[PDB]
């Protein structure tokens, strides 16, 4: 739409009030955010299995209805993700060229999913038991949007070690996005949307992958063919290494000095963008992470040493 930049208000999935960037055109306001380097659009599929649906239009610039909630969050959190990338690394959208961010909410009926489809963000509303509206969790959004960035860089193949690395990368960043918005931060993934009645859980944990049965050491990796070679479980190995590099700890007899989330982020960003390839394995991830740290802090630096220490802890050389 073409119009005038407005600022509205609405309530998200968890019931919190949020500030919205919309556009006034004719008699209505549209969930269209013209404020950033990339345009952000939010759509309504009206509980159908169609894409992208209808661009979202409101009569008064107030998004306080129960039906509004998923759209308010989808809208807000994508602008927050753009922000994280723009401020931290000077990245202009998913492709470094201002590609627009599109999201469809109310997709299907009681659909327990949300993913980047290679072109836009897709959100279902959940069954209200296993999940709630999928747009209410910032780390899951940051995770999927980061998949858009890998595709525009390393392009890690979704199978075996390189696929797990892909998954790991996306968790690291979604976590980073959550800390970014001071969105009650932690190292678990999906706790704001998962099993709305049970407090305590998440889909997986970076601090202790074994809580959910994921491996936390190379010697314990899944070796078969299921899940494109165990893509979603083996990522726990890289997740654990990332956690120890940011916060420190003792793991399998190896003591790691943490360097903080900001350097963890710069090291992985640099690694994924200049060093990783489509088929980077965990051993090459170590070497590339090591080179990134050397470039960033110096070859004989304490950072580089932490990098080495962190992989050692998880059995990767």
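Positions refer to the first chain, counted from 1.
188-196 and 87-95 differ in mean CA B-factor, and the higher of the two is recorded for 87-95. Between 239-247 and 108-116, the higher mean Cα B-factor belongs to 108-116. Between the residues 258, 37, 52, 265, it is 52 that shows the highest Cα B-factor in the PDB record.
Looking only at 274, 291, 42, 281, the residue with the top Cα B factor in the deposited structure is 274.
In the PDB entry, residue 208 places in the middle third of its chain by CA B-factor. In the deposited entry, the Cα temperature factor of residue 69 places it in the middle third of its chain's modelled residues.
Sort the modelled residues of the chain by CA B factor and residue 103 lands in the lowest third. When the modelled residues of the chain are ordered by their C-alpha B factor, residue 179 lands in the middle third.
Ranked by Cα temperature factor within the chain, residue 142 sits in the lowest third according to the deposited record.
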